[PDB]
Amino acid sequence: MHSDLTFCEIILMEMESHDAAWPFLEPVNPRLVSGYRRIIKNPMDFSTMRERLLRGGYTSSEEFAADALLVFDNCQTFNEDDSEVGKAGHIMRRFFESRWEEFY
């Protein structure tokens, strides 16, 4: 749908610009994060969804939502809930779930 994916733009822009978005704008650099490659099989981040979305690489809004949920799953997999990335991921995750349900 044009509408299904016109909305994925709105929310991704809103995540891209959220105060808590800083852990997720770029891919995690495994050279700098010991253990990340080993633990996180499928990395995901906002710039990667942005690339895929501009490219037309999403066919349904469900695919987009899967990529968003994967950012936060990988976050909670790797970081303790009281870590700084962890605290930021809970804010970004709660923002995403609520903004996504407000539409669907």
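In case it trips you up, residue 1 is the first one in the sequence shown, and so on.
- Task: State which stretch shows the higher mean Cα B factor in the entry: 77 to 85 or 5 to 13.
- Result: According to the PDB entry, the answer is 5 to 13.
- Query: On average, which has the higher Cα B-factor in the deposited entry, 35 to 43 or 60 to 68?
  - Reply: So the stretch with the higher mean C-alpha B-factor is 60 to 68.
- Query: Hey, what third does residue 28 fall into on Cα B-factor, ranked over its chain?
  - Reply: It belongs to the middle third of the chain when residues are ordered by C-alpha B-factor.
- Position of residue 96 among the chain's modelled residues by C-alpha B-factor, lowest, middle or highest third: Middle third.
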